[PDB]
Amino acid sequence: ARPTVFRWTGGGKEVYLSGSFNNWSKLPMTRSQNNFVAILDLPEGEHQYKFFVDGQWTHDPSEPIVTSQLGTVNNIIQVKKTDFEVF
Ligand SMILES: OC[C@H]1O[C@@H]2O[C@H]3[C@H](O)[C@@H](O)[C@@H](O[C@H]4[C@H](O)[C@@H](O)[C@@H](O[C@H]5[C@H](O)[C@@H](O)[C@@H](O[C@H]6[C@H](O)[C@@H](O)[C@@H](O[C@H]7[C@H](O)[C@@H](O)[C@@H](O[C@H]8[C@H](O)[C@@H](O)[C@@H](O[C@H]1[C@H](O)[C@H]2O)O[C@@H]8CO)O[C@@H]7CO)O[C@@H]6CO)O[C@@H]5CO)O[C@@H]4CO)O[C@@H]3CO
């Protein structure tokens with residue numbers, strides 16, 4: 001697994017990260033420079049995720065998106081060879 005950084009820049013007071021990599025639980029993100037950050041060690045390959053921002057599910061319009069099998073919109077990124085790449 002590679003260290004991988006998620007950064008929410010869309011504002012809010014309290015933000016959780018939810019994704020395929022945590023079985024769609026809600027990881028509290030750390031407030032940092034007016035943004036929210038979380039760092040996970042993730043295997044190389046595809047990951048879907050979304051944000052829970054002040055009680056509302058939201059995706060990041062600046063990362064790629066895909067429609068899940070549930071009929072919902074997730075972000076989709078690919079972890080590659082770069083420690084601490086930011087998504
Ligand atoms: O919890 C896991 C989950 O979290 C994230 O989903 C959140 C999402 O981002 C929010 O927007 C909100 O979702 C609500 C949504 O906006 C509403 O539209 C409504 O959803 C309705 C759908 O619109 C509608 O399509 C229908 O859904 C049916 C499906 O069409 C049908 O295919 C089937 O779904 C089953 C799947 O086929 C199956 O794969 C399995 O789903 C899993 C996903 O594949 C997987 O990605 C993950 O889902 C994430 C998700 O991607 C995030 O965005 O986990 C799933 C397993 O838990 O299971 C499905 C059966 O449950 O069945 C459904 C009908 O049940 O109906 C709904 C009406 O409810 O409501 C949404 C809120 O419930 O919230 C979610 C978190 O809840």
Side-chain angles (χ1 to χ4, degrees):
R2 298 207 174 266
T4 301
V5 180
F6 295 82
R7 176 175 71 159
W8 173 254
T9 64
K13 295 153 198 211
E14 195 172 85
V15 187
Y16 302 80
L17 175 71
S18 189
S20 49
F21 45 70
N22 64 16
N23 306 309
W24 300 99
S25 55
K26 290 186 185 66
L27 175 67
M29 298 187 87
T30 302
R31 191 173 216 116
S32 182
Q33 303 168 254
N34 293 304
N35 292 327
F36 296 80
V37 180
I39 306 184
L40 291 170
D41 290 349
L42 293 184
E44 295 177 25
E46 63 177 299
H47 300 279
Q48 283 171 57
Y49 68 96
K50 204 170 179 162
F51 300 89
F52 196 68
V53 177
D54 299 323
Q56 296 299 315
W57 287 98
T58 319
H59 71 271
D60 181 348
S62 81
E63 293 281 14
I65 52 166
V66 70
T67 307
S68 72
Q69 288 297 288
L70 180 61
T72 61
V73 176
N74 295 331
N75 289 118
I76 164 73
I77 57 81
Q78 180 132 26
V79 173
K80 297 181 185 204
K81 300 301 203 186
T82 302
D83 291 356
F84 297 98
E85 182 165 2
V86 180
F87 296 102

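All values below were derived from every heavy atom in this structure, side-chain atoms included, with hydrogens, water molecules and symmetry-related copies excluded. Position 1 is the first residue of the sequence, and the numbers go up from there. Numbering of ligands and ligand atoms starts at 1, following listing order.
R31 places a side-chain N or O within 3.5 Å of a backbone atom of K13 that can act as its donor or acceptor partner. With hydrogens and angles ignored, the 3.5 Å screen pairs no side-chain donor or acceptor of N35 with any backbone N or O of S32.
The hydrophobic cluster around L27 extends to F6, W8, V15, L17, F21, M29, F36, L40, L42, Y49, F51, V53, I77, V79, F87, counting ILVMFWY residues whose side-chain heavy atoms fall within less than 4.5 Å of a member.
The line from OG1 of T58 to CD of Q56 is 7.0 Å long, rounded to the nearest 0.5 Å.
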Within the protein, flag every N or O under 3.5 Å from an N or O of ligand 1, and note the pair and distance.
{"residue": "ligand 1", "atom": "9 (O)", "partner": "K50", "partner atom": "NZ", "Å": "2.7"}
{"residue": "ligand 1", "atom": "25 (O)", "partner": "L70", "partner atom": "O", "Å": "3.2"}
{"residue": "ligand 1", "atom": "27 (O)", "partner": "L70", "partner atom": "O", "Å": "3.3"}
{"residue": "ligand 1", "atom": "32 (O)", "partner": "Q69", "partner atom": "O", "Å": "2.9"}
{"residue": "ligand 1", "atom": "37 (O)", "partner": "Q69", "partner atom": "O", "Å": "3.4"}
{"residue": "ligand 1", "atom": "51 (O)", "partner": "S68", "partner atom": "OG", "Å": "3.4"}
{"residue": "ligand 1", "atom": "51 (O)", "partner": "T72", "partner atom": "OG1", "Å": "3.4"}
{"residue": "ligand 1", "atom": "51 (O)", "partner": "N74", "partner atom": "ND2", "Å": "2.8"}
{"residue": "ligand 1", "atom": "53 (O)", "partner": "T72", "partner atom": "OG1", "Å": "2.8"}
{"residue": "ligand 1", "atom": "53 (O)", "partner": "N74", "partner atom": "OD1", "Å": "2.7"}

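There is no side-chain donor-acceptor pair under 3.5 Å between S25 and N23.
A 4.5 Å side-chain heavy-atom check between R2 and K81 finds at least one atom pair inside the cut-off.
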